[PDB]
């Protein structure tokens, strides 16, 4: 399937899941698709209130306030060789690409890999300070 694909990028998949995300975060993620050594898609951009309420009931978030609800966050999924991976190092590499794109665009993007506790690789967001909501 992917033997003749000299540079593997999940552009179309990512663009679809970026619909409704804040245009400034979209711009950063689209640029990061160009830079990342690790192919990735966006697994979740906009999240519904009902899904957030479900997370709060189940305990995977403390609050109904989420940057995903308003368009200010994405979760990425690493797709090395077209196969989903949850391994940390892939997300570290993705974050290099995101950080470079972000910098080029003049926008700070926070990465869940730099959360003070319970670090997790998929999450990127625009800051509350820069992009209040």
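Residue numbers count along the first chain shown, from 1.
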> Looking at the deposited entry, does 113-121 or 20-28 carry the larger mean Cα B-factor?
Replying inline: 113-121
> Which is higher on average in the deposited entry, the C-alpha temperature factors of 81-89 or of 51-59?
Replying inline: 81-89
> Of 73, 42, 38, 97, which one's C-alpha B factor is largest in the deposited record?
Replying inline: 42
> What third of its chain's C-alpha B-factors does residue 107 belong to: lowest, middle or highest?
Replying inline: middle
> Compared with the other modelled residues in the chain, in which third is the CA B-factor of residue 65?
Replying inline: highest
> What third of the chain, by the recorded C-alpha B-factor, contains residue 133?
Replying inline: highest
>> Please place residue 5 in the lowest, middle or highest third of its chain according to the CA B-factor in the PDB entry.
In response: highest
